[PDB]
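> One structure, pasted below without further comment.
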Amino acid sequence: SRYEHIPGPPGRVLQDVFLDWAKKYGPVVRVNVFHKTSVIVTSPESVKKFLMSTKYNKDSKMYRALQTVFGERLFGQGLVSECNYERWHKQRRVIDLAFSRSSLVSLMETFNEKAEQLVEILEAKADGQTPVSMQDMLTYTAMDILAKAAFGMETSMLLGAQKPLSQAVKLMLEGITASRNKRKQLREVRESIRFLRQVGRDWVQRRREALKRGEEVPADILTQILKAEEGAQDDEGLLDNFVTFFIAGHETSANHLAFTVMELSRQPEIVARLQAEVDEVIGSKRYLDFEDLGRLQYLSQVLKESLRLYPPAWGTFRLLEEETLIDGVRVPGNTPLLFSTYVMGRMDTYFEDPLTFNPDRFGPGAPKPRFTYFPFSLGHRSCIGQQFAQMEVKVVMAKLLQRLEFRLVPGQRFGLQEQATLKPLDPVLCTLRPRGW
Ligand code: HEM
Ligand SMILES: O=C(c1cnc2c(-c3cnco3)cc(C(F)(F)F)cn12)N1CCOCC1
């Protein structure tokens, strides 16, 4: 009853229902999400006010399903799910060091090697007949990149290794989904969560043992994760961040890659342009250097446009502590505010012809979206891995475009599913040919 005065109702996802309601009912709408009444706020003035201020913090109630699933600690109080500002701030500042320009430059070798491995595997299947799940292949690639870059671990999923680990990730993601919106499922979800955390403990022990023997350990994300816990009473905080980075550091990247490949399969003219760009910039070099990345301007634009229509992470929540007028609507104190880049990206008020895929929206001369586009969020709680993700996906995409042509198998759909993140409904089944065929 405390919300009844707020405007709202009396391969398709809940975010689409939210979009319809925002269009119908305006910039402040009451909805039900993850068992709780929330208010979806979709004006750019509100996006700016709430995300660009340390006064507003995340609503912990909306992150519970990350923290713990079916009584098994998952991300716990790691970097995504920690909602107390001072606790968040301490760990952010320490982990930031691993995402410095110089840090990320050093990761180019890893990005290149895994992308090259993927392309060689795909080239061997490029007979224009064999169906290849690009979602699967891109997920394996993203996992292999993350594991190596962040932890110095070789998962070798591209070689078909670590099937248990692969299963654990999938069931855990299903657990998150079920938590927020029987006996065998509970059992499998719980065991998968404990497995992921045990992977953490095992790899942490290996790291500590390497350090003790004075073996060479290149500074990475894990270094800073360890550093953040220097004087902790237990390793539970460390394992929180292990699992946080293990999952967050590949899932969304994989989703973004899958969406991009899927969309480009029906954009032959754009693909031709991307191919030409890659041809001119990198030529027949096997390896992309860091300075090549900035030169792939048209690819940057396509990837931005991909994130506008297909953000893997649709948005974020802030807790409104005191009653506030938002765009002419009285919103009670202690209310989760829902921000959605998915919704605003598809609103004609913010983007002309919103369903049209147009990389030119992000062209040099074009007016930049002002608080209407935030696939990595905005403000202090924006994605720590934003530049990491942008680099790795550009490396992977450039290498695909250099070497291969992709056709979506007829019957494959362009719809989304909502399953902890947004991802293609279908496996993005494609046939492949070498370029110049
Ligand atoms: C295209 C790929 C990616 C997208 C679209 C994405 C999107 C986002 C979004 C929307 C948030 C804010 C979440 C919230 O408010 O609850 C976020 C935060 C975060 N992302 Fe990402 N992300 C991506 C890749 C990565 C990568 C590669 C890493 C790690 C290597 C990563 C780690 C994180 C972490 C740790 C946070 C929490 C940061 C903080 O609160 O201080 N993400 N990301
Ligand atoms: O669960 C989230 C969330 C926000 N960010 C992420 C990321 C992520 C960010 N960067 C890379 O990965 C991954 C996942 C995971 F593990 F489910 F796939 C969940 N999240 N929430 C915020 C939205 O509102 C509801 C609760």
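Residue numbers start at 1 in each chain; chains themselves are named A, B, ... in the order of the structure tokens; ligands are numbered from 1 in the order shown.
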Mind running chain A against ligand 1 at 8 Å and telling me each contacting residue's nearest atom pair with the distance in Å (one decimal), counting only C-alpha atoms and all ligand atoms, chain and number ascending, as a Markdown table?

| residue | atom | partner | partner_atom_place_in_ligand_line | distance |
| --- | --- | --- | --- | --- |
| A:58 | CA | ligand 1 | 15 (O) | 7.3 |
| A:63 | CA | ligand 1 | 16 (O) | 7.7 |
| A:78 | CA | ligand 1 | 35 (C) | 7.8 |
| A:79 | CA | ligand 1 | 37 (C) | 5.1 |
| A:80 | CA | ligand 1 | 37 (C) | 3.8 |
| A:81 | CA | ligand 1 | 16 (O) | 7.1 |
| A:82 | CA | ligand 1 | 40 (O) | 7.7 |
| A:88 | CA | ligand 1 | 41 (O) | 6.9 |
| A:89 | CA | ligand 1 | 41 (O) | 7.8 |
| A:92 | CA | ligand 1 | 41 (O) | 5.5 |
| A:146 | CA | ligand 1 | 30 (C) | 6.9 |
| A:150 | CA | ligand 1 | 30 (C) | 7.3 |
| A:244 | CA | ligand 1 | 35 (C) | 6.6 |
| A:245 | CA | ligand 1 | 29 (C) | 5.5 |
| A:246 | CA | ligand 1 | 29 (C) | 7.9 |
| A:248 | CA | ligand 1 | 31 (C) | 4.8 |
| A:249 | CA | ligand 1 | 29 (C) | 3.6 |
| A:250 | CA | ligand 1 | 27 (C) | 5.9 |
| A:251 | CA | ligand 1 | 24 (C) | 7.6 |
| A:252 | CA | ligand 1 | 2 (C) | 4.5 |
| A:253 | CA | ligand 1 | 2 (C) | 3.9 |
| A:254 | CA | ligand 1 | 2 (C) | 7.5 |
| A:255 | CA | ligand 1 | 1 (C) | 7.4 |
| A:256 | CA | ligand 1 | 1 (C) | 5.3 |
| A:257 | CA | ligand 1 | 1 (C) | 7.9 |
| A:307 | CA | ligand 1 | 5 (C) | 7.1 |
| A:311 | CA | ligand 1 | 5 (C) | 5.9 |
| A:312 | CA | ligand 1 | 5 (C) | 5.3 |
| A:313 | CA | ligand 1 | 10 (C) | 4.8 |
| A:314 | CA | ligand 1 | 10 (C) | 6.5 |
| A:315 | CA | ligand 1 | 10 (C) | 5.3 |
| A:316 | CA | ligand 1 | 15 (O) | 4.1 |
| A:317 | CA | ligand 1 | 15 (O) | 6.5 |
| A:374 | CA | ligand 1 | 10 (C) | 7.1 |
| A:375 | CA | ligand 1 | 5 (C) | 5.2 |
| A:376 | CA | ligand 1 | 10 (C) | 4.0 |
| A:377 | CA | ligand 1 | 10 (C) | 4.5 |
| A:378 | CA | ligand 1 | 12 (C) | 7.9 |
| A:380 | CA | ligand 1 | 41 (O) | 6.9 |
| A:381 | CA | ligand 1 | 40 (O) | 4.1 |
| A:382 | CA | ligand 1 | 12 (C) | 5.1 |
| A:383 | CA | ligand 1 | 18 (C) | 3.4 |
| A:384 | CA | ligand 1 | 38 (C) | 4.8 |
| A:385 | CA | ligand 1 | 28 (C) | 3.7 |
| A:386 | CA | ligand 1 | 24 (C) | 5.6 |
| A:387 | CA | ligand 1 | 27 (C) | 7.8 |
| A:388 | CA | ligand 1 | 27 (C) | 5.4 |
| A:389 | CA | ligand 1 | 27 (C) | 4.3 |
| A:390 | CA | ligand 1 | 1 (C) | 6.7 |
| A:393 | CA | ligand 1 | 1 (C) | 7.6 |
> Write out as a PDB file with C-alpha atoms, in the first residue's frame the set of residues from segment 79-327 of chain A that DSSP, computed on the backbone, places in helix (DSSP H, G or I).

ATOM      1  CA  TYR A  85      30.505   1.645   1.051  1.00  0.00           C
ATOM      2  CA  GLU A  86      33.561   1.575   3.362  1.00  0.00           C
ATOM      3  CA  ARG A  87      33.964  -2.210   3.082  1.00  0.00           C
ATOM      4  CA  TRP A  88      33.556  -1.954  -0.699  1.00  0.00           C
ATOM      5  CA  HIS A  89      35.939   1.016  -0.978  1.00  0.00           C
ATOM      6  CA  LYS A  90      38.792  -0.732   0.867  1.00  0.00           C
ATOM      7  CA  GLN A  91      38.780  -3.730  -1.473  1.00  0.00           C
ATOM      8  CA  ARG A  92      38.142  -1.717  -4.651  1.00  0.00           C
ATOM      9  CA  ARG A  93      41.223   0.475  -4.134  1.00  0.00           C
ATOM     10  CA  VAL A  94      43.471  -2.579  -3.620  1.00  0.00           C
ATOM     11  CA  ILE A  95      42.069  -4.614  -6.537  1.00  0.00           C
ATOM     12  CA  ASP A  96      42.179  -1.545  -8.849  1.00  0.00           C
ATOM     13  CA  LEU A  97      45.981  -1.973  -9.057  1.00  0.00           C
ATOM     14  CA  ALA A  98      45.496  -5.126 -11.160  1.00  0.00           C
ATOM     15  CA  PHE A  99      43.478  -3.110 -13.683  1.00  0.00           C
ATOM     16  CA  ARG A 101      46.953   0.523 -17.875  1.00  0.00           C
ATOM     17  CA  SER A 102      50.319  -1.243 -17.490  1.00  0.00           C
ATOM     18  CA  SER A 103      48.631  -4.299 -15.918  1.00  0.00           C
ATOM     19  CA  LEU A 104      46.199  -4.634 -18.820  1.00  0.00           C
ATOM     20  CA  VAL A 105      48.857  -4.071 -21.483  1.00  0.00           C
ATOM     21  CA  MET A 108      47.672  -8.829 -24.519  1.00  0.00           C
ATOM     22  CA  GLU A 109      49.755 -12.015 -24.865  1.00  0.00           C
ATOM     23  CA  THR A 110      47.065 -14.059 -23.083  1.00  0.00           C
ATOM     24  CA  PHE A 111      44.249 -12.478 -25.105  1.00  0.00           C
ATOM     25  CA  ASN A 112      46.124 -13.189 -28.346  1.00  0.00           C
ATOM     26  CA  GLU A 113      47.022 -16.808 -27.538  1.00  0.00           C
ATOM     27  CA  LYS A 114      43.483 -17.851 -26.551  1.00  0.00           C
ATOM     28  CA  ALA A 115      41.896 -16.035 -29.500  1.00  0.00           C
ATOM     29  CA  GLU A 116      44.385 -17.710 -31.842  1.00  0.00           C
ATOM     30  CA  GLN A 117      43.558 -21.096 -30.307  1.00  0.00           C
ATOM     31  CA  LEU A 118      39.808 -20.525 -30.832  1.00  0.00           C
ATOM     32  CA  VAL A 119      40.293 -19.433 -34.464  1.00  0.00           C
ATOM     33  CA  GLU A 120      42.434 -22.497 -35.263  1.00  0.00           C
ATOM     34  CA  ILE A 121      39.781 -24.800 -33.772  1.00  0.00           C
ATOM     35  CA  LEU A 122      37.055 -23.043 -35.791  1.00  0.00           C
ATOM     36  CA  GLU A 123      39.128 -23.003 -39.012  1.00  0.00           C
ATOM     37  CA  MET A 134      29.409 -20.070 -31.128  1.00  0.00           C
ATOM     38  CA  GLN A 135      27.935 -19.438 -27.668  1.00  0.00           C
ATOM     39  CA  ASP A 136      29.729 -22.535 -26.330  1.00  0.00           C
ATOM     40  CA  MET A 137      32.991 -21.791 -28.136  1.00  0.00           C
ATOM     41  CA  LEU A 138      33.030 -18.148 -27.025  1.00  0.00           C
ATOM     42  CA  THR A 139      32.265 -19.132 -23.406  1.00  0.00           C
ATOM     43  CA  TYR A 140      35.163 -21.629 -23.364  1.00  0.00           C
ATOM     44  CA  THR A 141      37.439 -18.938 -24.792  1.00  0.00           C
ATOM     45  CA  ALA A 142      36.332 -16.355 -22.203  1.00  0.00           C
ATOM     46  CA  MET A 143      36.817 -18.877 -19.379  1.00  0.00           C
ATOM     47  CA  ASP A 144      40.297 -19.853 -20.621  1.00  0.00           C
ATOM     48  CA  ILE A 145      41.276 -16.174 -20.934  1.00  0.00           C
ATOM     49  CA  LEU A 146      40.019 -15.274 -17.447  1.00  0.00           C
ATOM     50  CA  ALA A 147      41.575 -18.272 -15.702  1.00  0.00           C
ATOM     51  CA  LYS A 148      44.995 -17.541 -17.223  1.00  0.00           C
ATOM     52  CA  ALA A 149      44.921 -13.731 -17.009  1.00  0.00           C
ATOM     53  CA  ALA A 150      43.536 -13.439 -13.463  1.00  0.00           C
ATOM     54  CA  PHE A 151      44.812 -16.595 -11.757  1.00  0.00           C
ATOM     55  CA  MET A 157      38.180 -25.667 -21.854  1.00  0.00           C
ATOM     56  CA  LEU A 158      38.913 -25.076 -25.575  1.00  0.00           C
ATOM     57  CA  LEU A 159      40.570 -28.522 -25.504  1.00  0.00           C
ATOM     58  CA  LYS A 163      33.930 -30.617 -17.896  1.00  0.00           C
ATOM     59  CA  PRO A 164      33.059 -30.869 -14.140  1.00  0.00           C
ATOM     60  CA  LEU A 165      34.070 -27.221 -13.655  1.00  0.00           C
ATOM     61  CA  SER A 166      31.968 -26.288 -16.702  1.00  0.00           C
ATOM     62  CA  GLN A 167      28.981 -28.139 -15.212  1.00  0.00           C
ATOM     63  CA  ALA A 168      29.509 -26.473 -11.815  1.00  0.00           C
ATOM     64  CA  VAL A 169      29.354 -22.992 -13.394  1.00  0.00           C
ATOM     65  CA  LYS A 170      26.152 -23.816 -15.301  1.00  0.00           C
ATOM     66  CA  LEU A 171      24.320 -25.261 -12.281  1.00  0.00           C
ATOM     67  CA  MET A 172      25.427 -22.384 -10.045  1.00  0.00           C
ATOM     68  CA  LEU A 173      24.102 -19.849 -12.578  1.00  0.00           C
ATOM     69  CA  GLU A 174      20.800 -21.795 -12.562  1.00  0.00           C
ATOM     70  CA  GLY A 175      20.865 -21.647  -8.752  1.00  0.00           C
ATOM     71  CA  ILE A 176      21.093 -17.840  -8.801  1.00  0.00           C
ATOM     72  CA  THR A 177      18.148 -17.763 -11.247  1.00  0.00           C
ATOM     73  CA  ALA A 178      15.960 -20.092  -9.157  1.00  0.00           C
ATOM     74  CA  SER A 179      16.779 -18.239  -5.908  1.00  0.00           C
ATOM     75  CA  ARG A 180      15.411 -14.908  -7.122  1.00  0.00           C
ATOM     76  CA  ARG A 183      15.648 -32.154  -4.018  1.00  0.00           C
ATOM     77  CA  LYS A 184      18.051 -33.148  -6.815  1.00  0.00           C
ATOM     78  CA  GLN A 185      18.266 -29.547  -8.039  1.00  0.00           C
ATOM     79  CA  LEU A 186      19.092 -28.287  -4.529  1.00  0.00           C
ATOM     80  CA  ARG A 187      21.740 -31.021  -4.178  1.00  0.00           C
ATOM     81  CA  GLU A 188      23.366 -30.256  -7.539  1.00  0.00           C
ATOM     82  CA  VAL A 189      23.321 -26.480  -7.009  1.00  0.00           C
ATOM     83  CA  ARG A 190      24.814 -26.683  -3.495  1.00  0.00           C
ATOM     84  CA  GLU A 191      27.571 -29.127  -4.536  1.00  0.00           C
ATOM     85  CA  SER A 192      28.440 -26.905  -7.535  1.00  0.00           C
ATOM     86  CA  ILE A 193      28.874 -23.858  -5.295  1.00  0.00           C
ATOM     87  CA  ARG A 194      31.105 -25.776  -2.846  1.00  0.00           C
ATOM     88  CA  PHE A 195      33.071 -27.094  -5.852  1.00  0.00           C
ATOM     89  CA  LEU A 196      33.757 -23.583  -7.183  1.00  0.00           C
ATOM     90  CA  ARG A 197      34.906 -22.413  -3.746  1.00  0.00           C
ATOM     91  CA  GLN A 198      37.083 -25.536  -3.390  1.00  0.00           C
ATOM     92  CA  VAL A 199      38.689 -24.723  -6.755  1.00  0.00           C
ATOM     93  CA  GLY A 200      39.512 -21.358  -5.131  1.00  0.00           C
ATOM     94  CA  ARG A 201      41.116 -22.922  -2.031  1.00  0.00           C
ATOM     95  CA  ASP A 202      43.100 -25.357  -4.186  1.00  0.00           C
ATOM     96  CA  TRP A 203      44.451 -22.634  -6.466  1.00  0.00           C
ATOM     97  CA  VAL A 204      45.148 -20.287  -3.543  1.00  0.00           C
ATOM     98  CA  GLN A 205      47.172 -23.035  -1.841  1.00  0.00           C
ATOM     99  CA  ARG A 206      49.160 -23.578  -5.066  1.00  0.00           C
ATOM    100  CA  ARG A 207      49.878 -19.828  -5.268  1.00  0.00           C
ATOM    101  CA  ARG A 208      51.024 -19.646  -1.627  1.00  0.00           C
ATOM    102  CA  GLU A 209      53.225 -22.719  -2.169  1.00  0.00           C
ATOM    103  CA  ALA A 210      54.763 -21.197  -5.312  1.00  0.00           C
ATOM    104  CA  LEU A 211      55.550 -18.006  -3.357  1.00  0.00           C
ATOM    105  CA  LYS A 212      57.084 -20.028  -0.499  1.00  0.00           C
ATOM    106  CA  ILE A 221      44.194 -10.101 -10.096  1.00  0.00           C
ATOM    107  CA  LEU A 222      44.775 -12.918  -7.583  1.00  0.00           C
ATOM    108  CA  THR A 223      47.807 -11.025  -6.218  1.00  0.00           C
ATOM    109  CA  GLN A 224      45.564  -8.068  -5.337  1.00  0.00           C
ATOM    110  CA  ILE A 225      42.740 -10.313  -4.095  1.00  0.00           C
ATOM    111  CA  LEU A 226      45.282 -11.836  -1.686  1.00  0.00           C
ATOM    112  CA  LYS A 227      46.587  -8.357  -0.827  1.00  0.00           C
ATOM    113  CA  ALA A 228      43.061  -7.189   0.063  1.00  0.00           C
ATOM    114  CA  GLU A 236      36.281 -16.629   3.363  1.00  0.00           C
ATOM    115  CA  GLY A 237      36.714 -13.065   2.061  1.00  0.00           C
ATOM    116  CA  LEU A 238      39.478 -14.266  -0.271  1.00  0.00           C
ATOM    117  CA  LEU A 239      37.280 -17.068  -1.641  1.00  0.00           C
ATOM    118  CA  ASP A 240      34.367 -14.628  -2.087  1.00  0.00           C
ATOM    119  CA  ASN A 241      36.533 -12.576  -4.453  1.00  0.00           C
ATOM    120  CA  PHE A 242      38.017 -15.660  -6.101  1.00  0.00           C
ATOM    121  CA  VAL A 243      34.555 -16.853  -7.112  1.00  0.00           C
ATOM    122  CA  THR A 244      33.362 -13.310  -7.900  1.00  0.00           C
ATOM    123  CA  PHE A 245      36.192 -12.799 -10.397  1.00  0.00           C
ATOM    124  CA  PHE A 246      36.074 -16.380 -11.700  1.00  0.00           C
ATOM    125  CA  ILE A 247      32.446 -15.880 -12.747  1.00  0.00           C
ATOM    126  CA  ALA A 248      32.143 -12.145 -13.435  1.00  0.00           C
ATOM    127  CA  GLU A 251      30.308 -14.779 -18.114  1.00  0.00           C
ATOM    128  CA  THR A 252      29.342 -11.304 -19.315  1.00  0.00           C
ATOM    129  CA  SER A 253      32.284 -11.133 -21.747  1.00  0.00           C
ATOM    130  CA  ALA A 254      31.085 -14.467 -23.231  1.00  0.00           C
ATOM    131  CA  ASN A 255      27.503 -13.175 -23.421  1.00  0.00           C
ATOM    132  CA  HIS A 256      28.673  -9.971 -25.174  1.00  0.00           C
ATOM    133  CA  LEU A 257      30.726 -11.991 -27.686  1.00  0.00           C
ATOM    134  CA  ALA A 258      27.814 -14.381 -28.358  1.00  0.00           C
ATOM    135  CA  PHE A 259      25.334 -11.519 -28.872  1.00  0.00           C
ATOM    136  CA  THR A 260      27.745  -9.722 -31.210  1.00  0.00           C
ATOM    137  CA  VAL A 261      28.358 -12.804 -33.384  1.00  0.00           C
ATOM    138  CA  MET A 262      24.604 -13.515 -33.415  1.00  0.00           C
ATOM    139  CA  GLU A 263      23.665  -9.964 -34.493  1.00  0.00           C
ATOM    140  CA  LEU A 264      26.445  -9.661 -37.102  1.00  0.00           C
ATOM    141  CA  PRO A 268      26.477  -8.593 -44.016  1.00  0.00           C
ATOM    142  CA  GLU A 269      27.326  -4.995 -44.960  1.00  0.00           C
ATOM    143  CA  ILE A 270      28.621  -4.191 -41.466  1.00  0.00           C
ATOM    144  CA  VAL A 271      30.618  -7.447 -41.487  1.00  0.00           C
ATOM    145  CA  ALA A 272      32.197  -6.446 -44.827  1.00  0.00           C
ATOM    146  CA  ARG A 273      33.237  -3.105 -43.277  1.00  0.00           C
ATOM    147  CA  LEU A 274      34.636  -4.793 -40.150  1.00  0.00           C
ATOM    148  CA  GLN A 275      36.572  -7.271 -42.313  1.00  0.00           C
ATOM    149  CA  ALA A 276      38.044  -4.399 -44.341  1.00  0.00           C
ATOM    150  CA  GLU A 277      39.022  -2.530 -41.158  1.00  0.00           C
ATOM    151  CA  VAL A 278      40.799  -5.572 -39.682  1.00  0.00           C
ATOM    152  CA  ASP A 279      42.509  -6.133 -43.059  1.00  0.00           C
ATOM    153  CA  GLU A 280      43.841  -2.547 -43.152  1.00  0.00           C
ATOM    154  CA  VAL A 281      44.855  -2.245 -39.503  1.00  0.00           C
ATOM    155  CA  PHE A 290      47.979  -2.858 -27.820  1.00  0.00           C
ATOM    156  CA  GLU A 291      48.174   0.131 -30.187  1.00  0.00           C
ATOM    157  CA  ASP A 292      46.234  -1.790 -32.860  1.00  0.00           C
ATOM    158  CA  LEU A 293      43.200  -1.870 -30.533  1.00  0.00           C
ATOM    159  CA  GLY A 294      42.639   1.900 -30.646  1.00  0.00           C
ATOM    160  CA  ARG A 295      42.849   1.807 -34.449  1.00  0.00           C
ATOM    161  CA  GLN A 297      37.485   2.323 -34.498  1.00  0.00           C
ATOM    162  CA  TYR A 298      34.579   0.839 -36.460  1.00  0.00           C
ATOM    163  CA  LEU A 299      34.803  -2.379 -34.410  1.00  0.00           C
ATOM    164  CA  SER A 300      34.660  -0.281 -31.200  1.00  0.00           C
ATOM    165  CA  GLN A 301      31.427   1.254 -32.508  1.00  0.00           C
ATOM    166  CA  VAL A 302      29.829  -2.092 -33.442  1.00  0.00           C
ATOM    167  CA  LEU A 303      30.671  -3.445 -29.974  1.00  0.00           C
ATOM    168  CA  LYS A 304      29.160  -0.356 -28.310  1.00  0.00           C
ATOM    169  CA  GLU A 305      25.976  -0.764 -30.390  1.00  0.00           C
ATOM    170  CA  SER A 306      25.905  -4.463 -29.470  1.00  0.00           C
ATOM    171  CA  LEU A 307      25.933  -3.485 -25.767  1.00  0.00           C
ATOM    172  CA  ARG A 308      23.096  -0.973 -26.304  1.00  0.00           C
ATOM    173  CA  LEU A 309      20.645  -3.613 -27.569  1.00  0.00           C
TER     174      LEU A 309
END
> Between A:65, A:391, A:401, A:13, single out the one closest to ligand 2, counting only C-alpha atoms and all ligand atoms.
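Checking each candidate against ligand 2, we get A:65 as the closest.
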> Looking at only C-alpha atoms and all ligand atoms, which of A:64, A:182, A:370, A:266 is the one that sits closest to ligand 2?
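The closest residue to ligand 2 is A:64.
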> Could you name the residues that touch segment 38-52 of chain A at 9 Å or less, counting only C-alpha atoms, but leaving out those on the same chain fewer than 3 positions away, as JSON, numbers by chain?
{"A": [3, 6, 18, 22, 26, 27, 28, 29, 30, 31, 32, 33, 55, 56, 57, 318, 320, 326, 327, 331, 335, 336, 337, 338, 339, 340, 341, 343, 344, 350, 370, 371, 372, 377, 378, 379, 380, 381, 382]}
> For N, CA and C atoms, I'd like the residues from the last selection saved as a tab-separated table (two decimals), in the first residue's frame.

chain	number	residue	atom	x	y	z
A	3	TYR	N	3.29	1.86	-1.77
A	3	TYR	CA	3.73	2.12	-3.13
A	3	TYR	C	2.56	2.24	-4.11
A	6	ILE	N	2.17	4.97	-6.80
A	6	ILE	CA	3.18	5.11	-7.84
A	6	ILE	C	2.62	4.55	-9.15
A	18	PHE	N	9.29	-4.81	-18.32
A	18	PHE	CA	9.67	-3.55	-17.71
A	18	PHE	C	9.72	-2.43	-18.75
A	22	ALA	N	7.58	1.00	-18.65
A	22	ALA	CA	8.25	2.30	-18.67
A	22	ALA	C	7.69	3.16	-19.80
A	26	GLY	N	5.71	5.75	-17.67
A	26	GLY	CA	6.57	6.91	-17.53
A	26	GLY	C	7.87	6.59	-16.79
A	27	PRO	N	8.62	7.62	-16.34
A	27	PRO	CA	9.99	7.42	-15.86
A	27	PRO	C	10.16	6.85	-14.45
A	28	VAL	N	9.05	6.65	-13.73
A	28	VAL	CA	9.08	6.10	-12.38
A	28	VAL	C	7.92	5.12	-12.22
A	29	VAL	N	8.24	3.82	-12.15
A	29	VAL	CA	7.20	2.80	-12.19
A	29	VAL	C	7.45	1.75	-11.11
A	30	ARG	N	6.39	1.36	-10.41
A	30	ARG	CA	6.47	0.28	-9.43
A	30	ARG	C	6.40	-1.06	-10.15
A	31	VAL	N	7.31	-1.96	-9.77
A	31	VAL	CA	7.36	-3.31	-10.30
A	31	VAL	C	7.63	-4.28	-9.15
A	32	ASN	N	7.49	-5.58	-9.46
A	32	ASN	CA	7.90	-6.64	-8.55
A	32	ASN	C	9.10	-7.36	-9.18
A	33	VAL	N	10.20	-7.42	-8.43
A	33	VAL	CA	11.40	-8.09	-8.92
A	33	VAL	C	12.12	-8.75	-7.75
A	55	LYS	N	26.71	9.07	-2.18
A	55	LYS	CA	25.62	9.15	-1.23
A	55	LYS	C	24.68	7.95	-1.39
A	56	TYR	N	24.56	7.44	-2.62
A	56	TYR	CA	23.65	6.34	-2.90
A	56	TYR	C	24.44	5.04	-3.04
A	57	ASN	N	24.06	4.03	-2.25
A	57	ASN	CA	24.74	2.75	-2.26
A	57	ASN	C	23.81	1.66	-2.79
A	318	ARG	N	20.04	0.83	-6.50
A	318	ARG	CA	20.48	1.66	-5.40
A	318	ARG	C	19.36	1.73	-4.37
A	320	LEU	N	17.20	3.84	-1.98
A	320	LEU	CA	16.74	5.16	-1.59
A	320	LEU	C	16.42	5.14	-0.10
A	326	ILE	N	10.93	11.94	-7.29
A	326	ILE	CA	11.69	11.54	-8.47
A	326	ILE	C	10.78	11.75	-9.68
A	327	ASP	N	11.13	12.73	-10.52
A	327	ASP	CA	10.37	13.05	-11.72
A	327	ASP	C	8.89	13.19	-11.39
A	331	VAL	N	8.51	8.92	-3.94
A	331	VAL	CA	9.00	7.57	-3.69
A	331	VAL	C	9.37	7.44	-2.21
A	335	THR	N	13.52	2.18	-0.37
A	335	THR	CA	13.00	1.61	-1.60
A	335	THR	C	14.17	1.27	-2.52
A	336	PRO	N	14.20	0.06	-3.11
A	336	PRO	CA	15.19	-0.26	-4.14
A	336	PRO	C	14.83	0.49	-5.43
A	337	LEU	N	15.78	1.26	-5.96
A	337	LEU	CA	15.60	1.88	-7.27
A	337	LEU	C	16.29	1.00	-8.31
A	338	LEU	N	15.55	0.65	-9.37
A	338	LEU	CA	16.05	-0.20	-10.45
A	338	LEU	C	16.45	0.67	-11.64
A	339	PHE	N	17.72	0.56	-12.07
A	339	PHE	CA	18.23	1.25	-13.25
A	339	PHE	C	18.52	0.21	-14.32
A	340	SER	N	18.07	0.48	-15.55
A	340	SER	CA	18.19	-0.51	-16.62
A	340	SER	C	18.68	0.15	-17.91
A	341	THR	N	19.89	-0.24	-18.33
A	341	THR	CA	20.45	0.18	-19.61
A	341	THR	C	19.73	-0.56	-20.74
A	343	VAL	N	16.43	-1.29	-20.75
A	343	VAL	CA	15.16	-0.60	-20.97
A	343	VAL	C	15.40	0.70	-21.74
A	344	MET	N	16.36	1.52	-21.28
A	344	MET	CA	16.55	2.85	-21.83
A	344	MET	C	17.11	2.76	-23.25
A	350	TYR	N	14.92	7.92	-26.02
A	350	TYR	CA	16.36	8.05	-25.82
A	350	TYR	C	17.13	7.73	-27.10
A	370	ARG	N	23.78	10.74	-23.14
A	370	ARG	CA	23.99	11.37	-21.84
A	370	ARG	C	23.11	10.67	-20.81
A	371	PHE	N	23.70	9.69	-20.12
A	371	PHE	CA	23.08	8.96	-19.02
A	371	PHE	C	21.91	8.10	-19.51
A	372	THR	N	21.98	7.65	-20.76
A	372	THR	CA	20.95	6.78	-21.32
A	372	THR	C	21.55	5.43	-21.72
A	377	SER	N	27.61	0.07	-16.23
A	377	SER	CA	27.12	0.96	-15.18
A	377	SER	C	27.91	2.28	-15.19
A	378	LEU	N	27.67	3.13	-14.18
A	378	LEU	CA	28.31	4.43	-14.06
A	378	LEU	C	28.64	4.70	-12.60
A	379	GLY	N	29.59	5.63	-12.38
A	379	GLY	CA	29.92	6.05	-11.03
A	379	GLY	C	30.86	5.07	-10.34
A	380	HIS	N	30.88	5.13	-9.00
A	380	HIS	CA	31.88	4.46	-8.20
A	380	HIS	C	31.72	2.94	-8.29
A	381	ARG	N	30.49	2.48	-8.55
A	381	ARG	CA	30.22	1.05	-8.65
A	381	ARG	C	30.15	0.59	-10.10
A	382	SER	N	30.83	1.30	-11.01
A	382	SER	CA	30.96	0.83	-12.38
A	382	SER	C	31.92	-0.37	-12.43
> As an MDAnalysis selection string, list the residues of segment 143-371 of chain A assigned to strand (DSSP E or B) by DSSP on the backbone atoms of this structure.
chainID A and resid 315:320 324:326 329:331 335:340
> Just want the 9 Å neighbourhood of residue 23 of chain A, counted on only C-alpha atoms, with same-chain residues fewer than 5 positions away dropped. Output as a PyMOL selection string.
chain A and resi 18+347-349
> Which one of A:17, A:83, A:409, A:62 sits closest to residue 265 of chain A if you count only C-alpha atoms?
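The answer is A:409, which sits nearest to residue 265 of chain A.
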